[PDB]
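Source file coords34.cif; content: mmCIF, N, CA and C atoms.
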```
data_my_file
#
loop_
_atom_site.label_atom_id
_atom_site.label_comp_id
_atom_site.auth_asym_id
_atom_site.auth_seq_id
_atom_site.Cartn_x
_atom_site.Cartn_y
_atom_site.Cartn_z
N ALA A 348 137.68 53.14 112.05
CA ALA A 348 138.52 52.52 113.06
C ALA A 348 138.89 53.53 114.15
N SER A 349 139.40 53.00 115.25
CA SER A 349 139.87 53.84 116.35
C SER A 349 141.23 54.43 116.00
N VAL A 350 141.66 55.40 116.81
CA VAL A 350 142.85 56.17 116.45
C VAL A 350 144.14 55.40 116.71
N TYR A 351 144.14 54.43 117.63
CA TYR A 351 145.34 53.61 117.82
C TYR A 351 145.51 52.60 116.69
N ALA A 352 144.41 52.20 116.06
CA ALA A 352 144.45 51.26 114.94
C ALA A 352 143.87 51.90 113.69
N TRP A 353 144.31 53.12 113.38
CA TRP A 353 143.75 53.91 112.28
C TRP A 353 143.92 53.22 110.93
N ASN A 354 142.86 53.28 110.13
CA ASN A 354 142.78 52.52 108.89
C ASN A 354 143.42 53.32 107.76
N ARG A 355 144.32 52.68 107.03
CA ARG A 355 145.03 53.30 105.92
C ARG A 355 144.56 52.65 104.63
N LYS A 356 143.98 53.45 103.74
CA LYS A 356 143.47 52.97 102.46
C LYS A 356 144.29 53.58 101.34
N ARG A 357 144.69 52.75 100.38
CA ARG A 357 145.44 53.23 99.24
C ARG A 357 144.49 53.77 98.18
N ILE A 358 144.86 54.92 97.61
CA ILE A 358 144.13 55.54 96.51
C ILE A 358 145.08 55.59 95.32
N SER A 359 144.71 54.89 94.25
CA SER A 359 145.53 54.83 93.05
C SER A 359 144.64 54.49 91.87
N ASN A 360 145.08 54.94 90.68
CA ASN A 360 144.44 54.69 89.39
C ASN A 360 142.99 55.20 89.39
N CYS A 361 142.85 56.50 89.64
CA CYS A 361 141.54 57.13 89.65
C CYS A 361 141.70 58.60 89.28
N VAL A 362 140.61 59.18 88.78
CA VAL A 362 140.52 60.63 88.60
C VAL A 362 139.66 61.20 89.73
N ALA A 363 140.21 62.18 90.44
CA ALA A 363 139.64 62.64 91.70
C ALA A 363 139.08 64.04 91.54
N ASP A 364 137.82 64.21 91.91
CA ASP A 364 137.15 65.51 91.92
C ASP A 364 137.13 66.00 93.36
N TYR A 365 138.08 66.89 93.69
CA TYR A 365 138.13 67.47 95.02
C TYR A 365 137.16 68.63 95.19
N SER A 366 136.53 69.08 94.10
CA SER A 366 135.59 70.18 94.18
C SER A 366 134.32 69.80 94.94
N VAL A 367 133.96 68.51 95.00
CA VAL A 367 132.84 68.11 95.85
C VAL A 367 133.23 68.05 97.31
N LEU A 368 134.52 68.12 97.62
CA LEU A 368 135.04 68.19 98.98
C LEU A 368 135.13 69.65 99.42
N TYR A 369 135.57 70.51 98.49
CA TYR A 369 135.63 71.94 98.78
C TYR A 369 134.24 72.55 98.90
N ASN A 370 133.32 72.21 97.99
CA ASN A 370 132.01 72.85 97.98
C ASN A 370 131.05 72.28 99.01
N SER A 371 131.40 71.18 99.67
CA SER A 371 130.56 70.65 100.74
C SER A 371 130.79 71.42 102.03
N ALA A 372 129.69 71.81 102.68
CA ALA A 372 129.73 72.55 103.93
C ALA A 372 129.65 71.63 105.14
N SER A 373 129.68 70.32 104.92
CA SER A 373 129.56 69.36 106.02
C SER A 373 130.83 69.25 106.85
N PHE A 374 131.98 69.67 106.32
CA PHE A 374 133.24 69.53 107.04
C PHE A 374 133.46 70.78 107.88
N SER A 375 133.67 70.57 109.19
CA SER A 375 133.95 71.70 110.07
C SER A 375 135.35 72.25 109.84
N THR A 376 136.30 71.37 109.55
CA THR A 376 137.68 71.78 109.29
C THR A 376 138.12 71.17 107.97
N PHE A 377 138.59 72.03 107.06
CA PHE A 377 139.12 71.61 105.76
C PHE A 377 140.41 72.41 105.58
N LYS A 378 141.52 71.83 106.03
CA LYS A 378 142.78 72.55 106.15
C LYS A 378 143.89 71.77 105.47
N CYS A 379 144.50 72.36 104.44
CA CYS A 379 145.58 71.74 103.68
C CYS A 379 146.90 72.43 104.00
N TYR A 380 147.99 71.66 103.94
CA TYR A 380 149.27 72.14 104.45
C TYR A 380 150.30 72.34 103.35
N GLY A 381 150.61 71.31 102.57
CA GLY A 381 151.62 71.44 101.54
C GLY A 381 151.09 71.80 100.17
N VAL A 382 149.80 72.11 100.07
CA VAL A 382 149.16 72.34 98.77
C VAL A 382 147.94 73.21 99.01
N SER A 383 147.61 74.05 98.03
CA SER A 383 146.38 74.83 98.12
C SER A 383 145.17 73.93 97.88
N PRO A 384 144.05 74.17 98.58
CA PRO A 384 142.84 73.37 98.34
C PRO A 384 142.24 73.54 96.95
N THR A 385 142.37 74.72 96.34
CA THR A 385 141.77 74.95 95.04
C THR A 385 142.64 74.49 93.88
N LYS A 386 143.89 74.13 94.13
CA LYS A 386 144.78 73.64 93.08
C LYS A 386 144.75 72.12 92.95
N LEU A 387 143.98 71.44 93.80
CA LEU A 387 143.97 69.98 93.82
C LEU A 387 143.37 69.38 92.56
N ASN A 388 142.49 70.11 91.87
CA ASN A 388 141.95 69.64 90.61
C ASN A 388 142.90 69.82 89.43
N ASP A 389 143.99 70.56 89.61
CA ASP A 389 144.92 70.86 88.52
C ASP A 389 146.21 70.05 88.58
N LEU A 390 146.38 69.20 89.59
CA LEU A 390 147.61 68.45 89.79
C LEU A 390 147.38 66.95 89.73
N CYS A 391 148.47 66.23 89.50
CA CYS A 391 148.48 64.77 89.45
C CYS A 391 149.30 64.25 90.62
N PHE A 392 148.82 63.18 91.25
CA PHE A 392 149.44 62.64 92.45
C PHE A 392 149.61 61.13 92.33
N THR A 393 150.52 60.62 93.15
CA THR A 393 150.62 59.20 93.48
C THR A 393 150.92 59.11 94.96
N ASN A 394 150.85 57.88 95.50
CA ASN A 394 150.93 57.59 96.93
C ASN A 394 149.90 58.38 97.73
N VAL A 395 148.65 58.30 97.30
CA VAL A 395 147.57 58.96 98.00
C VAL A 395 147.07 58.00 99.06
N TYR A 396 146.97 58.47 100.30
CA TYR A 396 146.52 57.62 101.40
C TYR A 396 145.50 58.35 102.25
N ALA A 397 144.44 57.65 102.62
CA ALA A 397 143.41 58.19 103.49
C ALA A 397 143.53 57.49 104.84
N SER B 943 201.36 71.57 81.30
CA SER B 943 201.08 72.60 82.29
C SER B 943 201.79 73.91 81.99
N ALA B 944 202.20 74.13 80.74
CA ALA B 944 202.88 75.36 80.37
C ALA B 944 201.92 76.55 80.39
N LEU B 945 200.69 76.33 79.94
CA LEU B 945 199.68 77.38 79.80
C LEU B 945 198.70 77.39 80.96
N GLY B 946 199.19 77.12 82.17
CA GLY B 946 198.30 76.97 83.31
C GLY B 946 197.70 78.27 83.80
N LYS B 947 198.32 79.41 83.48
CA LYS B 947 197.82 80.69 83.97
C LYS B 947 196.54 81.10 83.26
N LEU B 948 196.46 80.87 81.95
CA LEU B 948 195.23 81.16 81.22
C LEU B 948 194.15 80.13 81.53
N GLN B 949 194.54 78.86 81.63
CA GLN B 949 193.59 77.79 81.91
C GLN B 949 193.02 77.91 83.31
N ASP B 950 193.78 78.49 84.24
CA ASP B 950 193.28 78.74 85.59
C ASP B 950 192.15 79.77 85.56
N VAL B 951 192.32 80.84 84.77
CA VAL B 951 191.29 81.87 84.65
C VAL B 951 190.04 81.31 83.97
N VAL B 952 190.24 80.50 82.91
CA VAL B 952 189.11 79.89 82.21
C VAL B 952 188.35 78.93 83.12
N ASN B 953 189.08 78.12 83.89
CA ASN B 953 188.46 77.17 84.81
C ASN B 953 187.73 77.87 85.95
N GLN B 954 188.31 78.97 86.47
CA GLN B 954 187.65 79.73 87.53
C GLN B 954 186.36 80.37 87.04
N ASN B 955 186.37 80.94 85.82
CA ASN B 955 185.15 81.56 85.30
C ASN B 955 184.07 80.52 85.00
N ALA B 956 184.47 79.38 84.42
CA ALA B 956 183.51 78.32 84.14
C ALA B 956 182.96 77.70 85.42
N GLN B 957 183.80 77.58 86.45
CA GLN B 957 183.36 77.04 87.72
C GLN B 957 182.43 78.00 88.45
N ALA B 958 182.68 79.31 88.33
CA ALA B 958 181.77 80.29 88.90
C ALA B 958 180.40 80.26 88.21
N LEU B 959 180.39 80.14 86.88
CA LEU B 959 179.13 79.98 86.16
C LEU B 959 178.41 78.69 86.54
N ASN B 960 179.15 77.59 86.69
CA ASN B 960 178.55 76.32 87.06
C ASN B 960 177.98 76.36 88.47
N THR B 961 178.66 77.04 89.39
CA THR B 961 178.15 77.22 90.75
C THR B 961 176.89 78.07 90.75
N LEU B 962 176.87 79.14 89.94
CA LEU B 962 175.70 80.01 89.87
C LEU B 962 174.50 79.28 89.27
N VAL B 963 174.73 78.41 88.29
CA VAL B 963 173.65 77.59 87.74
C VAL B 963 173.19 76.54 88.75
N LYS B 964 174.14 75.94 89.48
CA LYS B 964 173.83 74.91 90.47
C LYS B 964 173.03 75.47 91.64
N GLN B 965 173.22 76.75 91.97
CA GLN B 965 172.50 77.36 93.08
C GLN B 965 171.00 77.50 92.83
N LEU B 966 170.55 77.38 91.58
CA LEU B 966 169.11 77.36 91.31
C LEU B 966 168.45 76.08 91.78
N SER B 967 169.21 74.99 91.93
CA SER B 967 168.66 73.73 92.39
C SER B 967 168.40 73.69 93.89
N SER B 968 168.85 74.69 94.63
CA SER B 968 168.65 74.74 96.07
C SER B 968 167.36 75.48 96.40
N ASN B 969 166.61 74.93 97.35
CA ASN B 969 165.35 75.53 97.76
C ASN B 969 165.50 76.61 98.83
N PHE B 970 166.66 76.66 99.50
CA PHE B 970 166.98 77.65 100.53
C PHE B 970 165.96 77.66 101.67
N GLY B 971 165.50 76.48 102.06
CA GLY B 971 164.51 76.35 103.11
C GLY B 971 163.07 76.32 102.64
N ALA B 972 162.80 76.56 101.36
CA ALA B 972 161.45 76.48 100.85
C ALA B 972 161.06 75.03 100.59
N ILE B 973 159.79 74.83 100.22
CA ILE B 973 159.29 73.48 99.98
C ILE B 973 159.84 72.90 98.69
N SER B 974 160.20 73.74 97.73
CA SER B 974 160.74 73.27 96.46
C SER B 974 161.64 74.34 95.87
N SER B 975 162.56 73.91 95.01
CA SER B 975 163.43 74.82 94.29
C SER B 975 162.85 75.27 92.96
N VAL B 976 161.71 74.73 92.55
CA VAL B 976 161.07 75.08 91.29
C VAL B 976 159.97 76.09 91.57
N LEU B 977 160.01 77.21 90.84
CA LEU B 977 159.03 78.27 91.05
C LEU B 977 157.65 77.88 90.54
N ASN B 978 157.60 77.11 89.45
CA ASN B 978 156.33 76.69 88.88
C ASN B 978 155.60 75.72 89.80
N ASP B 979 156.34 74.89 90.52
CA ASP B 979 155.74 73.97 91.48
C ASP B 979 155.08 74.73 92.63
N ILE B 980 155.75 75.77 93.13
CA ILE B 980 155.18 76.59 94.20
C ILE B 980 153.96 77.36 93.70
N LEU B 981 154.05 77.93 92.49
CA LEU B 981 152.94 78.69 91.94
C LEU B 981 151.75 77.82 91.56
N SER B 982 151.97 76.54 91.29
CA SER B 982 150.88 75.62 90.98
C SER B 982 150.38 74.85 92.19
N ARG B 983 151.12 74.86 93.30
CA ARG B 983 150.69 74.13 94.49
C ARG B 983 150.02 75.00 95.55
N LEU B 984 150.35 76.28 95.65
CA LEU B 984 149.99 77.07 96.82
C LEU B 984 149.19 78.32 96.46
N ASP B 985 148.38 78.76 97.42
CA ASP B 985 147.74 80.06 97.32
C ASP B 985 148.79 81.16 97.45
N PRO B 986 148.54 82.33 96.84
CA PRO B 986 149.52 83.44 96.88
C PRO B 986 149.92 83.94 98.27
N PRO B 987 149.07 83.88 99.33
CA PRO B 987 149.61 84.25 100.66
C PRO B 987 150.78 83.40 101.16
N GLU B 988 150.80 82.09 100.91
CA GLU B 988 151.95 81.29 101.33
C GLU B 988 152.95 81.07 100.22
N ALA B 989 152.50 81.09 98.96
CA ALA B 989 153.43 81.07 97.84
C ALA B 989 154.28 82.32 97.81
N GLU B 990 153.76 83.44 98.32
CA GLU B 990 154.55 84.66 98.46
C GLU B 990 155.72 84.44 99.41
N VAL B 991 155.49 83.73 100.52
CA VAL B 991 156.55 83.43 101.47
C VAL B 991 157.59 82.48 100.87
N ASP C 398 131.23 97.42 106.50
CA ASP C 398 130.46 96.40 105.79
C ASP C 398 129.79 95.50 106.83
N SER C 399 128.47 95.58 106.91
CA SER C 399 127.69 94.89 107.93
C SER C 399 126.89 93.76 107.31
N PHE C 400 126.92 92.59 107.95
CA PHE C 400 126.11 91.45 107.53
C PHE C 400 125.96 90.50 108.72
N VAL C 401 125.16 89.45 108.52
CA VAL C 401 124.90 88.43 109.54
C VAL C 401 125.22 87.06 108.95
N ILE C 402 126.06 86.30 109.65
CA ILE C 402 126.50 84.98 109.21
C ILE C 402 126.37 84.00 110.37
N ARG C 403 126.85 82.77 110.18
CA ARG C 403 126.85 81.76 111.22
C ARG C 403 128.01 81.98 112.18
N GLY C 404 128.07 81.15 113.23
CA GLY C 404 129.17 81.25 114.18
C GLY C 404 130.46 80.61 113.72
N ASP C 405 130.39 79.57 112.89
CA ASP C 405 131.60 78.95 112.37
C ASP C 405 132.14 79.65 111.13
N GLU C 406 131.37 80.55 110.53
CA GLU C 406 131.77 81.25 109.32
C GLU C 406 132.52 82.55 109.60
N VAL C 407 132.74 82.90 110.87
CA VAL C 407 133.46 84.12 111.19
C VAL C 407 134.96 84.00 110.92
N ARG C 408 135.47 82.77 110.78
CA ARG C 408 136.86 82.60 110.37
C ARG C 408 137.09 82.91 108.90
N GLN C 409 136.04 82.91 108.08
CA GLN C 409 136.21 83.16 106.65
C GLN C 409 136.25 84.64 106.30
N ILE C 410 135.93 85.53 107.24
CA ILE C 410 136.08 86.98 107.00
C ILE C 410 137.50 87.34 107.42
N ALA C 411 138.44 87.08 106.52
CA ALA C 411 139.87 87.25 106.74
C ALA C 411 140.60 87.20 105.40
N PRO C 412 141.75 87.86 105.28
CA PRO C 412 142.58 87.67 104.08
C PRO C 412 143.12 86.25 103.99
N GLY C 413 143.22 85.75 102.75
CA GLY C 413 143.86 84.48 102.48
C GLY C 413 143.12 83.25 102.97
N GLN C 414 141.82 83.35 103.22
CA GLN C 414 141.04 82.22 103.68
C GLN C 414 140.40 81.48 102.51
N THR C 415 140.29 80.16 102.65
CA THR C 415 139.45 79.35 101.78
C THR C 415 138.16 78.99 102.49
N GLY C 416 137.04 79.12 101.78
CA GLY C 416 135.73 79.04 102.40
C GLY C 416 134.65 79.44 101.42
N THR C 417 133.42 79.47 101.93
CA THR C 417 132.22 79.52 101.10
C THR C 417 131.70 80.93 100.93
N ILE C 418 131.47 81.64 102.04
CA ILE C 418 131.07 83.04 101.98
C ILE C 418 132.24 83.92 101.58
N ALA C 419 133.47 83.43 101.75
CA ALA C 419 134.64 84.14 101.25
C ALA C 419 134.65 84.16 99.73
N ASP C 420 134.24 83.06 99.09
CA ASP C 420 134.27 82.98 97.64
C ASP C 420 133.01 83.54 96.99
N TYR C 421 131.83 83.24 97.53
CA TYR C 421 130.59 83.56 96.83
C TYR C 421 129.74 84.63 97.51
N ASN C 422 130.13 85.12 98.69
CA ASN C 422 129.35 86.16 99.34
C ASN C 422 130.14 87.43 99.62
N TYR C 423 131.33 87.31 100.22
CA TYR C 423 132.07 88.49 100.67
C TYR C 423 133.55 88.15 100.70
N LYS C 424 134.33 88.77 99.82
CA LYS C 424 135.76 88.49 99.70
C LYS C 424 136.56 89.69 100.18
N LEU C 425 137.58 89.42 101.00
CA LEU C 425 138.58 90.37 101.48
C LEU C 425 139.87 90.22 100.68
N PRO C 426 140.55 91.32 100.36
CA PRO C 426 141.80 91.22 99.60
C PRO C 426 142.95 90.74 100.47
N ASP C 427 144.02 90.31 99.80
CA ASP C 427 145.21 89.85 100.51
C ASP C 427 145.94 90.99 101.20
N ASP C 428 145.87 92.20 100.64
CA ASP C 428 146.45 93.40 101.25
C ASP C 428 145.42 94.20 102.05
N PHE C 429 144.45 93.52 102.66
CA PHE C 429 143.42 94.19 103.43
C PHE C 429 143.99 94.78 104.72
N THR C 430 143.64 96.03 104.99
CA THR C 430 143.93 96.67 106.26
C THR C 430 142.62 97.13 106.91
N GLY C 431 142.54 96.96 108.23
CA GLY C 431 141.33 97.26 108.95
C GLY C 431 141.08 96.22 110.03
N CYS C 432 139.84 96.21 110.53
CA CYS C 432 139.44 95.35 111.63
C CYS C 432 138.12 94.67 111.30
N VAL C 433 138.04 93.38 111.61
CA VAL C 433 136.79 92.62 111.52
C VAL C 433 136.20 92.50 112.92
N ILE C 434 134.89 92.73 113.03
CA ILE C 434 134.20 92.79 114.31
C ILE C 434 133.10 91.75 114.27
N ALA C 435 133.04 90.89 115.29
CA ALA C 435 132.01 89.87 115.37
C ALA C 435 131.51 89.73 116.80
N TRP C 436 130.19 89.64 116.95
CA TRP C 436 129.59 89.38 118.25
C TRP C 436 128.33 88.54 118.07
N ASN C 437 128.00 87.77 119.10
CA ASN C 437 126.85 86.87 119.06
C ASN C 437 125.55 87.66 119.10
N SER C 438 124.61 87.27 118.25
CA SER C 438 123.30 87.92 118.15
C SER C 438 122.19 86.88 118.10
N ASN C 439 122.27 85.87 118.97
CA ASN C 439 121.22 84.86 119.05
C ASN C 439 119.95 85.39 119.70
N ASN C 440 120.06 86.43 120.54
CA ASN C 440 118.89 87.01 121.18
C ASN C 440 118.08 87.90 120.25
N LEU C 441 118.67 88.39 119.17
CA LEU C 441 118.01 89.32 118.26
C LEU C 441 117.71 88.74 116.89
N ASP C 442 118.65 88.01 116.29
CA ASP C 442 118.52 87.54 114.91
C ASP C 442 118.08 86.09 114.83
N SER C 443 117.22 85.65 115.75
CA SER C 443 116.76 84.28 115.78
C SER C 443 115.31 84.27 116.26
N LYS C 444 114.54 83.31 115.74
CA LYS C 444 113.16 83.11 116.15
C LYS C 444 112.93 81.64 116.46
N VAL C 445 111.97 81.39 117.35
CA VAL C 445 111.67 80.02 117.77
C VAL C 445 111.04 79.23 116.62
N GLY C 446 110.29 79.89 115.74
CA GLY C 446 109.79 79.25 114.54
C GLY C 446 110.77 79.22 113.39
#
```
I need this file expressed as structure tokens, please.
Amino acid sequence: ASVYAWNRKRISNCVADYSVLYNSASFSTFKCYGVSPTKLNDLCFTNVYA
Amino acid sequence: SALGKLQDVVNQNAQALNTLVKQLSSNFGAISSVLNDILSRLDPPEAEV
Amino acid sequence: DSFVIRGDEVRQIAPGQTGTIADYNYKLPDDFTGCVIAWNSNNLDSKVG
């Protein structure tokens, strides 16, 4: 979607492998703010939104 | 209220201990007041801060 | 320490960075002191084939 009508998808009831996001070189910018990128596989979350 | 002088000292000491324990719940401007949450969420360059 | 990398990978030669050559090729410590030097070498380290 366009940025004025940006699409919000709920992520819930899943086990998430962020290591395929870290190890992929396709992303020009991979920048996390409130959490370390390498600790994402060790934590549990709710209210995940893309 | 006959024994108020001793009870005042006891209440002041217990209140000072309760305040000192309560001050651990404050984050003092950090993202969290729990040390384990910071050590499990962040890399050491920003967890150090 | 001399090597040749890509143009977008020059941000990973730094303390406290997350990245690919930082983890599996060349890691700098958090208490690193010194200078990192980078310049473009497309005229020398590239071939048309």
* So which bits of chain C end up helix (DSSP H, G or I) when you DSSP the backbone, as a PyMOL selection string? -> chain C and resi 405-409+417-421
- Do you know which residues are at most 6.5 Å from residue 388 (chain A) counting only N, CA and C atoms, after dropping those on the same chain fewer than 5 positions away, and could you put them as a ChimeraX atom specification? /A:363-366
Keeping only N, CA and C atoms, write the selected residues as a tab-separated table (two decimals), in the frame of the given file.
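Result file is part.tsv:
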```
chain	number	residue	atom	x	y	z
A	363	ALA	N	140.21	62.18	90.44
A	363	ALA	CA	139.64	62.64	91.70
A	363	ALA	C	139.08	64.04	91.54
A	364	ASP	N	137.82	64.21	91.91
A	364	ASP	CA	137.15	65.51	91.92
A	364	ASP	C	137.13	66.00	93.36
A	365	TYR	N	138.08	66.89	93.69
A	365	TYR	CA	138.13	67.47	95.02
A	365	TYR	C	137.16	68.63	95.19
A	366	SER	N	136.53	69.08	94.10
A	366	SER	CA	135.59	70.18	94.18
A	366	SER	C	134.32	69.80	94.94
```
- request: Find the residues in chain A near chain B: any atom within 10 Å counts, using only C-alpha atoms. Write them as a ChimeraX atom specification.
  value: /A:379-387,389-390
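Between CA of residue 440 (chain C) and CA of residue 408 (chain C) the interatomic distance comes to 21.4 Å.
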For this session: Find the residues of chain A in contact range of chain C, meaning any atom within 8 Å when counting all atoms listed in the file, and list them as a VMD selection string.
Result: chain A and resid 369 to 370 372 375 377 384 to 385
Here atom C of residue 441 (chain C) and CA of residue 399 (chain C) stand apart by 14.8 Å
* To do: Find the residues of chain C in contact range of chain B, meaning any atom within 8 Å when counting only N, CA and C atoms, and list them as a ChimeraX atom specification.
  => /C:412-413,427
- Compile the contact shell of region 358-360 of chain A as number ranges by chain: residues with an atom at most 6.5 Å away, counting all atoms listed in the file, same-chain residues fewer than 5 positions apart removed. A: 394-397
Is it possible to get the axis-aligned box enclosing region 953-968 of chain B (all listed atoms, 5 Å extra per side) as AutoDock Vina command-line options, with centre and edge lengths in Å rounded to one decimal?
```
--center_x 178.2 --center_y 77.6 --center_z 90.1 --size_x 31.7 --size_y 17.9 --size_z 22.5
```
Just the residues within 10 Å of region 429-438 of chain C, please, counting only C-alpha atoms, with nothing from its chain fewer than 3 positions along; format it as a compact mmCIF listing (two decimals) with N, CA and C atoms, in the coordinates of the input.
```
# COMPACT_ATOMS: atom_id res chain seq x y z
N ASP C 398 131.23 97.42 106.50
CA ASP C 398 130.46 96.40 105.79
C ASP C 398 129.79 95.50 106.83
N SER C 399 128.47 95.58 106.91
CA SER C 399 127.69 94.89 107.93
C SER C 399 126.89 93.76 107.31
N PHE C 400 126.92 92.59 107.95
CA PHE C 400 126.11 91.45 107.53
C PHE C 400 125.96 90.50 108.72
N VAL C 401 125.16 89.45 108.52
CA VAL C 401 124.90 88.43 109.54
C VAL C 401 125.22 87.06 108.95
N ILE C 402 126.06 86.30 109.65
CA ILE C 402 126.50 84.98 109.21
C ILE C 402 126.37 84.00 110.37
N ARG C 403 126.85 82.77 110.18
CA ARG C 403 126.85 81.76 111.22
C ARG C 403 128.01 81.98 112.18
N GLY C 404 128.07 81.15 113.23
CA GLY C 404 129.17 81.25 114.18
C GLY C 404 130.46 80.61 113.72
N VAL C 407 132.74 82.90 110.87
CA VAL C 407 133.46 84.12 111.19
C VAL C 407 134.96 84.00 110.92
N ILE C 410 135.93 85.53 107.24
CA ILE C 410 136.08 86.98 107.00
C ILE C 410 137.50 87.34 107.42
N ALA C 411 138.44 87.08 106.52
CA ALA C 411 139.87 87.25 106.74
C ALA C 411 140.60 87.20 105.40
N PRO C 412 141.75 87.86 105.28
CA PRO C 412 142.58 87.67 104.08
C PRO C 412 143.12 86.25 103.99
N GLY C 413 143.22 85.75 102.75
CA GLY C 413 143.86 84.48 102.48
C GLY C 413 143.12 83.25 102.97
N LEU C 425 137.58 89.42 101.00
CA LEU C 425 138.58 90.37 101.48
C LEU C 425 139.87 90.22 100.68
N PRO C 426 140.55 91.32 100.36
CA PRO C 426 141.80 91.22 99.60
C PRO C 426 142.95 90.74 100.47
N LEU C 441 118.67 88.39 119.17
CA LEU C 441 118.01 89.32 118.26
C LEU C 441 117.71 88.74 116.89
N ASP C 442 118.65 88.01 116.29
CA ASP C 442 118.52 87.54 114.91
C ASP C 442 118.08 86.09 114.83
N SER C 443 117.22 85.65 115.75
CA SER C 443 116.76 84.28 115.78
C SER C 443 115.31 84.27 116.26
```
Could region 386-397 of chain A be written out with N, CA, C and O atoms, as a PDB file, in the first residue's frame, please?
```pdb
ATOM      1  N   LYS A 386      18.639 -10.481  19.922  1.00  0.00           N
ATOM      2  CA  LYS A 386      17.884 -11.007  21.051  1.00  0.00           C
ATOM      3  C   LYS A 386      16.447 -11.347  20.692  1.00  0.00           C
ATOM      4  O   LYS A 386      15.707 -11.825  21.558  1.00  0.00           O
ATOM      5  N   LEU A 387      16.037 -11.093  19.446  1.00  0.00           N
ATOM      6  CA  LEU A 387      14.649 -11.286  19.037  1.00  0.00           C
ATOM      7  C   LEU A 387      14.235 -12.753  19.041  1.00  0.00           C
ATOM      8  O   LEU A 387      13.047 -13.056  19.200  1.00  0.00           O
ATOM      9  N   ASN A 388      15.185 -13.672  18.876  1.00  0.00           N
ATOM     10  CA  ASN A 388      14.878 -15.094  18.962  1.00  0.00           C
ATOM     11  C   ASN A 388      14.739 -15.596  20.394  1.00  0.00           C
ATOM     12  O   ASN A 388      14.292 -16.731  20.591  1.00  0.00           O
ATOM     13  N   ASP A 389      15.122 -14.798  21.390  1.00  0.00           N
ATOM     14  CA  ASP A 389      15.109 -15.223  22.784  1.00  0.00           C
ATOM     15  C   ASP A 389      13.949 -14.645  23.586  1.00  0.00           C
ATOM     16  O   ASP A 389      13.819 -14.961  24.772  1.00  0.00           O
ATOM     17  N   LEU A 390      13.104 -13.820  22.976  1.00  0.00           N
ATOM     18  CA  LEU A 390      12.027 -13.132  23.673  1.00  0.00           C
ATOM     19  C   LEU A 390      10.665 -13.517  23.114  1.00  0.00           C
ATOM     20  O   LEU A 390      10.539 -14.009  21.990  1.00  0.00           O
ATOM     21  N   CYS A 391       9.643 -13.272  23.929  1.00  0.00           N
ATOM     22  CA  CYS A 391       8.251 -13.515  23.578  1.00  0.00           C
ATOM     23  C   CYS A 391       7.531 -12.175  23.500  1.00  0.00           C
ATOM     24  O   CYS A 391       7.757 -11.290  24.331  1.00  0.00           O
ATOM     25  N   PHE A 392       6.668 -12.026  22.496  1.00  0.00           N
ATOM     26  CA  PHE A 392       5.985 -10.768  22.242  1.00  0.00           C
ATOM     27  C   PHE A 392       4.495 -10.996  22.029  1.00  0.00           C
ATOM     28  O   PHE A 392       4.042 -12.095  21.703  1.00  0.00           O
ATOM     29  N   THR A 393       3.742  -9.912  22.214  1.00  0.00           N
ATOM     30  CA  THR A 393       2.369  -9.785  21.746  1.00  0.00           C
ATOM     31  C   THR A 393       2.219  -8.374  21.199  1.00  0.00           C
ATOM     32  O   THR A 393       3.107  -7.531  21.378  1.00  0.00           O
ATOM     33  N   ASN A 394       1.079  -8.128  20.537  1.00  0.00           N
ATOM     34  CA  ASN A 394       0.801  -6.899  19.781  1.00  0.00           C
ATOM     35  C   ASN A 394       1.879  -6.618  18.743  1.00  0.00           C
ATOM     36  O   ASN A 394       2.453  -5.528  18.682  1.00  0.00           O
ATOM     37  N   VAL A 395       2.172  -7.623  17.931  1.00  0.00           N
ATOM     38  CA  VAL A 395       3.142  -7.467  16.861  1.00  0.00           C
ATOM     39  C   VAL A 395       2.393  -6.944  15.646  1.00  0.00           C
ATOM     40  O   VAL A 395       1.375  -7.518  15.243  1.00  0.00           O
ATOM     41  N   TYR A 396       2.891  -5.866  15.053  1.00  0.00           N
ATOM     42  CA  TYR A 396       2.239  -5.269  13.898  1.00  0.00           C
ATOM     43  C   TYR A 396       3.259  -4.945  12.820  1.00  0.00           C
ATOM     44  O   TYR A 396       4.332  -4.412  13.112  1.00  0.00           O
ATOM     45  N   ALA A 397       2.914  -5.256  11.577  1.00  0.00           N
ATOM     46  CA  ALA A 397       3.759  -4.948  10.433  1.00  0.00           C
ATOM     47  C   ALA A 397       3.075  -3.840   9.648  1.00  0.00           C
ATOM     48  O   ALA A 397       1.954  -4.023   9.162  1.00  0.00           O
TER      49      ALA A 397
END
```
